[PDB]
$ cat my_file_13.pdb   # PDB, N, CA and C atoms
ATOM      1  N   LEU H   1    -204.367 -58.657  -4.696
ATOM      2  CA  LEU H   1    -204.287 -57.969  -5.985
ATOM      3  C   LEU H   1    -203.413 -56.702  -5.897
ATOM      4  N   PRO H   2    -202.783 -56.259  -6.995
ATOM      5  CA  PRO H   2    -202.117 -54.965  -7.065
ATOM      6  C   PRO H   2    -203.108 -53.800  -7.217
ATOM      7  N   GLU H   3    -202.675 -52.572  -6.941
ATOM      8  CA  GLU H   3    -203.431 -51.341  -7.223
ATOM      9  C   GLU H   3    -202.732 -50.430  -8.230
ATOM     10  N   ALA H   4    -203.381 -50.152  -9.357
ATOM     11  CA  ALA H   4    -202.997 -49.062 -10.243
ATOM     12  C   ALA H   4    -203.458 -47.712  -9.681
ATOM     13  N   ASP H   5    -202.963 -46.617 -10.243
ATOM     14  CA  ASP H   5    -203.404 -45.264  -9.911
ATOM     15  C   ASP H   5    -203.266 -44.329 -11.117
ATOM     16  N   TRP H   6    -204.050 -43.257 -11.161
ATOM     17  CA  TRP H   6    -203.783 -42.125 -12.043
ATOM     18  C   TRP H   6    -202.492 -41.302 -11.922
ATOM     19  N   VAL H   7    -201.695 -41.353 -12.983
ATOM     20  CA  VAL H   7    -200.290 -40.945 -12.876
ATOM     21  C   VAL H   7    -200.103 -39.442 -12.700
ATOM     22  N   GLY H   8    -200.835 -38.593 -13.419
ATOM     23  CA  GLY H   8    -200.486 -37.175 -13.530
ATOM     24  C   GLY H   8    -199.214 -36.967 -14.355
ATOM     25  N   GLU H   9    -198.778 -35.729 -14.547
ATOM     26  CA  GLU H   9    -197.615 -35.449 -15.389
ATOM     27  C   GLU H   9    -196.792 -34.301 -14.819
ATOM     28  N   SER H  10    -195.701 -34.659 -14.154
ATOM     29  CA  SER H  10    -194.768 -33.744 -13.516
ATOM     30  C   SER H  10    -193.399 -34.395 -13.368
ATOM     31  N   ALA H  11    -192.338 -33.599 -13.420
ATOM     32  CA  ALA H  11    -190.988 -34.014 -13.065
ATOM     33  C   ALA H  11    -190.680 -33.832 -11.570
ATOM     34  N   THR H  12    -191.579 -33.216 -10.797
ATOM     35  CA  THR H  12    -191.235 -32.615  -9.502
ATOM     36  C   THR H  12    -192.301 -32.734  -8.410
ATOM     37  N   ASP H  13    -193.545 -33.078  -8.725
ATOM     38  CA  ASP H  13    -194.594 -33.316  -7.727
ATOM     39  C   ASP H  13    -194.544 -34.733  -7.120
ATOM     40  N   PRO H  14    -195.236 -34.992  -5.994
ATOM     41  CA  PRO H  14    -195.385 -36.334  -5.440
ATOM     42  C   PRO H  14    -196.171 -37.238  -6.385
ATOM     43  N   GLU H  15    -197.278 -36.754  -6.933
ATOM     44  CA  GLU H  15    -197.768 -37.259  -8.202
ATOM     45  C   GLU H  15    -196.989 -36.990  -9.499
ATOM     46  N   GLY H  16    -197.274 -37.742 -10.546
ATOM     47  CA  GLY H  16    -196.335 -37.961 -11.645
ATOM     48  C   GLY H  16    -195.395 -39.135 -11.379
ATOM     49  N   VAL H  17    -195.165 -39.510 -10.117
ATOM     50  CA  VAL H  17    -194.536 -40.784  -9.742
ATOM     51  C   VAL H  17    -195.532 -41.930  -9.887
ATOM     52  N   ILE H  18    -195.218 -42.920 -10.719
ATOM     53  CA  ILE H  18    -195.961 -44.178 -10.800
ATOM     54  C   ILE H  18    -195.687 -44.989  -9.531
ATOM     55  N   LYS H  19    -196.722 -45.312  -8.763
ATOM     56  CA  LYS H  19    -196.594 -46.044  -7.496
ATOM     57  C   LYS H  19    -196.253 -47.516  -7.716
ATOM     58  N   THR H  20    -195.446 -48.093  -6.834
ATOM     59  CA  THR H  20    -195.202 -49.545  -6.783
ATOM     60  C   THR H  20    -196.346 -50.261  -6.076
ATOM     61  N   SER H  21    -196.668 -51.484  -6.492
ATOM     62  CA  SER H  21    -197.635 -52.347  -5.807
ATOM     63  C   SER H  21    -197.284 -53.826  -5.974
ATOM     64  N   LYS H  22    -197.585 -54.648  -4.968
ATOM     65  CA  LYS H  22    -197.282 -56.085  -4.925
ATOM     66  C   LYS H  22    -198.448 -56.954  -5.402
ATOM     67  N   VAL H  23    -198.144 -58.195  -5.753
ATOM     68  CA  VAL H  23    -199.091 -59.312  -5.863
ATOM     69  C   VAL H  23    -198.661 -60.358  -4.845
ATOM     70  N   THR H  24    -199.575 -61.063  -4.191
ATOM     71  CA  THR H  24    -199.176 -62.145  -3.279
ATOM     72  C   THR H  24    -200.013 -63.393  -3.454
ATOM     73  N   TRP H  25    -199.442 -64.510  -3.022
ATOM     74  CA  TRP H  25    -200.016 -65.839  -3.000
ATOM     75  C   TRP H  25    -199.949 -66.418  -1.592
ATOM     76  N   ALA H  26    -200.775 -67.419  -1.336
ATOM     77  CA  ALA H  26    -200.851 -68.169  -0.096
ATOM     78  C   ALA H  26    -200.899 -69.664  -0.405
ATOM     79  N   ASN H  27    -200.724 -70.494   0.608
ATOM     80  CA  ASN H  27    -200.705 -71.945   0.503
ATOM     81  C   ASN H  27    -201.909 -72.557   1.234
ATOM     82  N   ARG H  28    -202.600 -73.498   0.594
ATOM     83  CA  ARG H  28    -203.664 -74.327   1.182
ATOM     84  C   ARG H  28    -203.217 -75.781   1.151
ATOM     85  N   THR H  29    -203.576 -76.594   2.137
ATOM     86  CA  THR H  29    -203.091 -77.984   2.228
ATOM     87  C   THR H  29    -204.204 -79.009   2.354
ATOM     88  N   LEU H  30    -204.120 -80.069   1.553
ATOM     89  CA  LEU H  30    -204.800 -81.332   1.818
ATOM     90  C   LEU H  30    -203.911 -82.164   2.738
ATOM     91  N   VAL H  31    -204.351 -82.489   3.954
ATOM     92  CA  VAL H  31    -203.667 -83.434   4.856
ATOM     93  C   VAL H  31    -204.560 -84.639   5.121
ATOM     94  N   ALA H  32    -204.125 -85.841   4.752
ATOM     95  CA  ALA H  32    -204.910 -87.057   4.903
ATOM     96  C   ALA H  32    -204.894 -87.579   6.340
ATOM     97  N   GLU H  33    -206.073 -87.781   6.909
ATOM     98  CA  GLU H  33    -206.317 -88.264   8.263
ATOM     99  C   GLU H  33    -207.155 -89.530   8.223
ATOM    100  N   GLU H  34    -206.971 -90.410   9.197
ATOM    101  CA  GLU H  34    -207.544 -91.749   9.157
ATOM    102  C   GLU H  34    -208.762 -91.882  10.065
ATOM    103  N   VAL H  35    -209.826 -92.457   9.518
ATOM    104  CA  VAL H  35    -211.067 -92.796  10.215
ATOM    105  C   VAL H  35    -211.287 -94.302  10.130
ATOM    106  N   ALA H  36    -211.626 -94.946  11.241
ATOM    107  CA  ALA H  36    -211.680 -96.401  11.312
ATOM    108  C   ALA H  36    -212.618 -96.935  12.398
ATOM    109  N   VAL H  37    -212.970 -98.214  12.304
ATOM    110  CA  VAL H  37    -213.677 -98.972  13.346
ATOM    111  C   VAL H  37    -213.291-100.446  13.291
ATOM    112  N   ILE H  38    -213.299-101.145  14.423
ATOM    113  CA  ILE H  38    -213.229-102.611  14.472
ATOM    114  C   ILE H  38    -214.532-103.165  15.043
ATOM    115  N   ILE H  39    -215.136-104.153  14.391
ATOM    116  CA  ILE H  39    -216.388-104.770  14.850
ATOM    117  C   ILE H  39    -216.176-106.279  15.065
ATOM    118  N   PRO H  40    -215.987-106.754  16.312
ATOM    119  CA  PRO H  40    -215.793-108.168  16.644
ATOM    120  C   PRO H  40    -217.102-108.952  16.832
ATOM    121  N   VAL H  41    -217.114-110.242  16.484
ATOM    122  CA  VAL H  41    -218.259-111.165  16.618
ATOM    123  C   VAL H  41    -217.790-112.632  16.759
ATOM    124  N   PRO H  42    -218.506-113.531  17.460
ATOM    125  CA  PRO H  42    -218.166-114.954  17.512
ATOM    126  C   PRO H  42    -218.351-115.695  16.189
ATOM    127  N   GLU H  43    -217.482-116.652  15.874
ATOM    128  CA  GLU H  43    -217.640-117.494  14.683
ATOM    129  C   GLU H  43    -218.944-118.303  14.707
ATOM    130  N   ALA H  44    -219.345-118.847  15.859
ATOM    131  CA  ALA H  44    -220.582-119.614  15.963
ATOM    132  C   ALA H  44    -221.824-118.760  15.691
ATOM    133  N   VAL H  45    -221.817-117.480  16.065
ATOM    134  CA  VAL H  45    -222.900-116.554  15.738
ATOM    135  C   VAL H  45    -222.975-116.315  14.238
ATOM    136  N   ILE H  46    -221.851-116.145  13.545
ATOM    137  CA  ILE H  46    -221.847-116.044  12.081
ATOM    138  C   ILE H  46    -222.399-117.313  11.436
ATOM    139  N   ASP H  47    -222.069-118.481  11.972
ATOM    140  CA  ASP H  47    -222.530-119.756  11.437
ATOM    141  C   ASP H  47    -224.022-120.007  11.692
ATOM    142  N   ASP H  48    -224.543-119.644  12.860
ATOM    143  CA  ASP H  48    -225.936-119.872  13.231
ATOM    144  C   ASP H  48    -226.906-118.806  12.698
ATOM    145  N   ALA H  49    -226.446-117.591  12.389
ATOM    146  CA  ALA H  49    -227.290-116.530  11.848
ATOM    147  C   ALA H  49    -227.810-116.848  10.439
ATOM    148  N   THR H  50    -229.056-116.468  10.157
ATOM    149  CA  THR H  50    -229.760-116.740   8.888
ATOM    150  C   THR H  50    -229.440-115.765   7.754
ATOM    151  N   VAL H  51    -228.566-114.793   7.993
ATOM    152  CA  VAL H  51    -228.129-113.758   7.049
ATOM    153  C   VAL H  51    -226.612-113.647   7.071
ATOM    154  N   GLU H  52    -226.025-113.057   6.037
ATOM    155  CA  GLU H  52    -224.594-112.769   5.995
ATOM    156  C   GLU H  52    -224.235-111.627   6.959
TER     157      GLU H  52
ATOM    158  N   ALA C   1    -152.820-150.080  31.191
ATOM    159  CA  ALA C   1    -153.775-149.189  30.544
ATOM    160  C   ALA C   1    -154.455-149.833  29.325
ATOM    161  N   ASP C   2    -155.661-149.382  28.989
ATOM    162  CA  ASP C   2    -156.482-149.927  27.903
ATOM    163  C   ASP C   2    -157.486-148.888  27.381
ATOM    164  N   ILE C   3    -158.007-149.101  26.173
ATOM    165  CA  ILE C   3    -159.042-148.268  25.551
ATOM    166  C   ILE C   3    -160.418-148.825  25.927
ATOM    167  N   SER C   4    -161.160-148.159  26.811
ATOM    168  CA  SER C   4    -162.553-148.507  27.116
ATOM    169  C   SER C   4    -163.528-148.024  26.035
ATOM    170  N   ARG C   5    -164.811-148.379  26.150
ATOM    171  CA  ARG C   5    -165.879-147.802  25.317
ATOM    172  C   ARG C   5    -166.039-146.295  25.528
ATOM    173  N   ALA C   6    -165.854-145.804  26.749
ATOM    174  CA  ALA C   6    -165.847-144.373  27.016
ATOM    175  C   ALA C   6    -164.670-143.655  26.338
ATOM    176  N   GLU C   7    -163.500-144.288  26.223
ATOM    177  CA  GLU C   7    -162.323-143.695  25.580
ATOM    178  C   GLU C   7    -162.524-143.338  24.107
ATOM    179  N   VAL C   8    -163.396-144.012  23.351
ATOM    180  CA  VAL C   8    -163.580-143.708  21.918
ATOM    181  C   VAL C   8    -164.633-142.640  21.646
ATOM    182  N   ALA C   9    -165.355-142.196  22.674
ATOM    183  CA  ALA C   9    -166.340-141.126  22.590
ATOM    184  C   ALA C   9    -167.333-141.332  21.428
ATOM    185  N   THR C  10    -167.652-140.272  20.698
ATOM    186  CA  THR C  10    -168.621-140.254  19.601
ATOM    187  C   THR C  10    -168.086-140.823  18.287
ATOM    188  N   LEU C  11    -167.002-141.604  18.312
ATOM    189  CA  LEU C  11    -166.705-142.562  17.239
ATOM    190  C   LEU C  11    -167.715-143.714  17.205
ATOM    191  N   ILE C  12    -168.404-143.984  18.316
ATOM    192  CA  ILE C  12    -169.550-144.890  18.372
ATOM    193  C   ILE C  12    -170.825-144.051  18.410
ATOM    194  N   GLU C  13    -171.668-144.230  17.403
ATOM    195  CA  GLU C  13    -172.914-143.494  17.212
ATOM    196  C   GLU C  13    -174.107-144.307  17.705
ATOM    197  N   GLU C  14    -175.135-143.651  18.222
ATOM    198  CA  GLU C  14    -176.364-144.302  18.675
ATOM    199  C   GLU C  14    -177.438-144.192  17.595
ATOM    200  N   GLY C  15    -178.098-145.303  17.273
ATOM    201  CA  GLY C  15    -179.092-145.380  16.198
ATOM    202  C   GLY C  15    -180.503-144.999  16.638
ATOM    203  N   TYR C  16    -181.432-144.905  15.692
ATOM    204  CA  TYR C  16    -182.837-144.560  15.935
ATOM    205  C   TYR C  16    -183.783-145.495  15.177
ATOM    206  N   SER C  17    -184.917-145.858  15.772
ATOM    207  CA  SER C  17    -185.977-146.634  15.117
ATOM    208  C   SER C  17    -187.353-146.089  15.466
ATOM    209  N   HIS C  18    -188.237-145.922  14.485
ATOM    210  CA  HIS C  18    -189.641-145.562  14.717
ATOM    211  C   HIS C  18    -190.576-146.777  14.839
ATOM    212  N   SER C  19    -190.051-147.991  15.021
ATOM    213  CA  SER C  19    -190.859-149.221  15.062
ATOM    214  C   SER C  19    -191.795-149.346  16.273
ATOM    215  N   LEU C  20    -191.551-148.630  17.374
ATOM    216  CA  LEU C  20    -192.515-148.479  18.471
ATOM    217  C   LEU C  20    -193.353-147.186  18.391
ATOM    218  N   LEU C  21    -193.041-146.244  17.495
ATOM    219  CA  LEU C  21    -193.737-144.966  17.337
ATOM    220  C   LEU C  21    -194.941-145.086  16.397
ATOM    221  N   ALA C  22    -196.018-145.648  16.912
ATOM    222  CA  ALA C  22    -197.331-145.642  16.294
ATOM    223  C   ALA C  22    -198.386-145.827  17.382
ATOM    224  N   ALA C  23    -199.556-145.230  17.194
ATOM    225  CA  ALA C  23    -200.701-145.386  18.076
ATOM    226  C   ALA C  23    -201.981-145.329  17.243
ATOM    227  N   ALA C  24    -202.758-146.408  17.272
ATOM    228  CA  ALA C  24    -204.068-146.464  16.644
ATOM    229  C   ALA C  24    -205.042-145.553  17.394
ATOM    230  N   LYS C  25    -205.719-144.662  16.672
ATOM    231  CA  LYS C  25    -206.687-143.721  17.245
ATOM    232  C   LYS C  25    -208.059-144.377  17.393
ATOM    233  N   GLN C  26    -208.810-144.018  18.427
ATOM    234  CA  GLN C  26    -210.145-144.548  18.709
ATOM    235  C   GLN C  26    -211.205-143.444  18.695
ATOM    236  N   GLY C  27    -212.210-143.567  17.828
ATOM    237  CA  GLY C  27    -213.332-142.630  17.746
ATOM    238  C   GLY C  27    -214.289-142.717  18.933
ATOM    239  N   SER C  28    -215.174-141.730  19.083
ATOM    240  CA  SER C  28    -216.195-141.780  20.136
ATOM    241  C   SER C  28    -217.180-142.922  19.902
ATOM    242  N   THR C  29    -217.690-143.462  20.989
ATOM    243  CA  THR C  29    -218.656-144.552  21.015
ATOM    244  C   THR C  29    -220.021-144.032  20.607
ATOM    245  N   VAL C  30    -220.430-142.879  21.134
ATOM    246  CA  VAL C  30    -221.797-142.402  20.944
ATOM    247  C   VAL C  30    -222.080-141.977  19.504
ATOM    248  N   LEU C  31    -221.092-141.467  18.759
ATOM    249  CA  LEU C  31    -221.259-141.158  17.337
ATOM    250  C   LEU C  31    -221.370-142.386  16.428
ATOM    251  N   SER C  32    -221.060-143.593  16.904
ATOM    252  CA  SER C  32    -221.314-144.835  16.162
ATOM    253  C   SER C  32    -222.517-145.603  16.705
ATOM    254  N   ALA C  33    -222.823-145.479  17.993
ATOM    255  CA  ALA C  33    -223.939-146.166  18.623
ATOM    256  C   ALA C  33    -225.317-145.585  18.290
ATOM    257  N   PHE C  34    -225.407-144.282  18.036
ATOM    258  CA  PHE C  34    -226.663-143.534  17.961
ATOM    259  C   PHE C  34    -226.754-142.715  16.674
ATOM    260  N   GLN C  35    -227.926-142.166  16.364
ATOM    261  CA  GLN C  35    -228.105-141.342  15.172
ATOM    262  C   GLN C  35    -227.406-139.988  15.325
ATOM    263  N   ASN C  36    -226.608-139.610  14.328
ATOM    264  CA  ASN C  36    -225.988-138.294  14.239
ATOM    265  C   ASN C  36    -226.927-137.341  13.497
ATOM    266  N   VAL C  37    -227.614-136.471  14.229
ATOM    267  CA  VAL C  37    -228.484-135.428  13.679
ATOM    268  C   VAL C  37    -227.632-134.278  13.159
ATOM    269  N   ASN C  38    -227.760-133.920  11.888
ATOM    270  CA  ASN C  38    -227.073-132.767  11.323
ATOM    271  C   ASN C  38    -227.812-131.471  11.691
ATOM    272  N   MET C  39    -227.288-130.691  12.637
ATOM    273  CA  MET C  39    -227.891-129.420  13.051
ATOM    274  C   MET C  39    -227.412-128.245  12.191
ATOM    275  N   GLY C  40    -228.302-127.299  11.890
ATOM    276  CA  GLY C  40    -227.988-126.055  11.172
ATOM    277  C   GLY C  40    -227.952-124.796  12.044
ATOM    278  N   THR C  41    -228.273-124.905  13.332
ATOM    279  CA  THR C  41    -228.347-123.809  14.308
ATOM    280  C   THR C  41    -228.186-124.356  15.727
ATOM    281  N   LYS C  42    -227.989-123.506  16.735
ATOM    282  CA  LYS C  42    -227.665-123.928  18.099
ATOM    283  C   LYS C  42    -228.728-124.798  18.761
ATOM    284  N   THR C  43    -230.006-124.452  18.659
ATOM    285  CA  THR C  43    -231.081-125.164  19.369
ATOM    286  C   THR C  43    -232.086-125.779  18.410
ATOM    287  N   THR C  44    -232.364-127.073  18.554
ATOM    288  CA  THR C  44    -233.509-127.740  17.918
ATOM    289  C   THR C  44    -234.478-128.220  18.983
ATOM    290  N   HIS C  45    -235.748-127.863  18.849
ATOM    291  CA  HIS C  45    -236.838-128.346  19.689
ATOM    292  C   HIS C  45    -237.455-129.621  19.132
ATOM    293  N   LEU C  46    -237.678-130.603  19.996
ATOM    294  CA  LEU C  46    -238.336-131.861  19.686
ATOM    295  C   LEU C  46    -239.515-132.052  20.649
ATOM    296  N   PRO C  47    -240.773-131.956  20.199
ATOM    297  CA  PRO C  47    -241.914-132.277  21.039
ATOM    298  C   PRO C  47    -242.026-133.789  21.283
ATOM    299  N   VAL C  48    -242.442-134.177  22.483
ATOM    300  CA  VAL C  48    -242.715-135.560  22.899
ATOM    301  C   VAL C  48    -244.075-135.649  23.574
ATOM    302  N   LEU C  49    -244.744-136.791  23.483
ATOM    303  CA  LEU C  49    -245.931-137.080  24.285
ATOM    304  C   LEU C  49    -245.554-137.194  25.769
ATOM    305  N   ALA C  50    -246.336-136.626  26.682
ATOM    306  CA  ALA C  50    -245.956-136.496  28.087
ATOM    307  C   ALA C  50    -247.012-136.945  29.102
ATOM    308  N   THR C  51    -248.269-137.136  28.713
ATOM    309  CA  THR C  51    -249.339-137.623  29.597
ATOM    310  C   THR C  51    -250.452-138.227  28.765
TER     311      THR C  51
END
$ encode --input "my_file_13.pdb" --output "structure tokens"
Amino acid sequence: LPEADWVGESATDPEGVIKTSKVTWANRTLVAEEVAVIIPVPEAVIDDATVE
Amino acid sequence: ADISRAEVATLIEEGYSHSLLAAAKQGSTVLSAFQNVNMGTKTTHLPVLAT
């Protein structure tokens, strides 16, 4: 965020100068990563089993 | 000098016939001789009288 300040009123003091201030932004990233598994089984076990 | 059969090369072509290319297939003996039990799983138990 920027900062405001109380200005004062002078042609010649350090105050009476309106101060400069910045605003800034940053970057956040979604990066897609892969999660996986392989589960092997015999065809005859699939055929002989009483469930899917 | 003379023109032999070798002298004319591939002006003479060799033919093809499938008239000897067949074989009658033969099924198993035991699947026609005996009862074919339709199984639904690896092991079937059959009790028998033993004494």
$ closest_atom_pairs --input "my_file_13.pdb" --of "chain C" --to "chain H" --cutoff "8 Å" --atoms "all atoms listed in the file" --output "JSON lines"
{"residue": "C:40", "atom": "C", "partner": "H:48", "partner_atom": "CA", "distance": 5.5}
{"residue": "C:41", "atom": "CA", "partner": "H:48", "partner_atom": "CA", "distance": 4.7}
{"residue": "C:42", "atom": "N", "partner": "H:48", "partner_atom": "CA", "distance": 5.4}
$ atom_distance --input "my_file_13.pdb" --atom1 "CA of residue 42 (chain H)" --atom2 "CA of residue 38 (chain C)"
20.9 Å
$ atom_distance --input "my_file_13.pdb" --atom1 "CA of residue 1 (chain C)" --atom2 "CA of residue 13 (chain C)"
24.0 Å
$ select_by_dssp --input "my_file_13.pdb" --residues "chain H" --states "helix (DSSP H, G or I)" --output "PyMOL selection string"
chain H and resi 43-48
$ residues_around --input "my_file_13.pdb" --residues "region 16-24 of chain H" --least-positions-apart "4" --cutoff "6 Å" --atoms "all atoms listed in the file" --output "ChimeraX atom specification"
/H:1-3,7-10
